[PDB]
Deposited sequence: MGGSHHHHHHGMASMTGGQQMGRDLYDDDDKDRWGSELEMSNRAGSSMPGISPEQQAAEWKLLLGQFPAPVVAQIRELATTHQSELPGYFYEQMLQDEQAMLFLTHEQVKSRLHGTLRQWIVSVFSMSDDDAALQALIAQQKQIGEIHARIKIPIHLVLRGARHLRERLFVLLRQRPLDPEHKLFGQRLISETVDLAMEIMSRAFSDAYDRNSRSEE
């Protein structure tokens, strides 16, 4: 395993004010992000608080694994989980767009949220 390194690998390829500005946009609009709209915050912050050390980070992978096995145990469609993902990436994209940060940093800021969430569901998918 040590999908922790793996995780750092994809994290170390992102500049600092992006990491900060993406983190800071998850921790703000933290509670404003839980979306239910069709016919929780600690999570976003957990994933988007991203650091270096592999105690304060590991619990993130072990937690993700936990929270899938929750979802599967009670038997809920994974494509429902991955859709939630989507609307999340989406709302996060929308939140990124409406900033006055250069499109260059947006460019990273986009891959940074997209990789994370998908990584999440990947490892959340057990």
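- Counting from residue 1 of the deposited sequence, the stretches lacking C-alpha coordinates in this chain are 1-53, 93-116, 204-217.
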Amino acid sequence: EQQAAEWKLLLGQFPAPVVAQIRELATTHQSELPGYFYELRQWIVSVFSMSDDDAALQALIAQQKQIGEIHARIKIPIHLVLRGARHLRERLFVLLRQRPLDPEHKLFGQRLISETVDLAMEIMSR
From here on, numbers count along this sequence of modelled residues.
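- As listed in the deposited structure, the average C-alpha B-factor of 89-97 and of 59-67 is greater for 59-67.
- Among all modelled residues in its chain, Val45 ranks in the middle third by Cα B-factor.
- In the deposited entry, the Cα temperature factor of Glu6 sits in the middle third of values across the chain's modelled residues.
- For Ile78, the recorded CA temperature factor ranks within the highest third of the chain's modelled residues.
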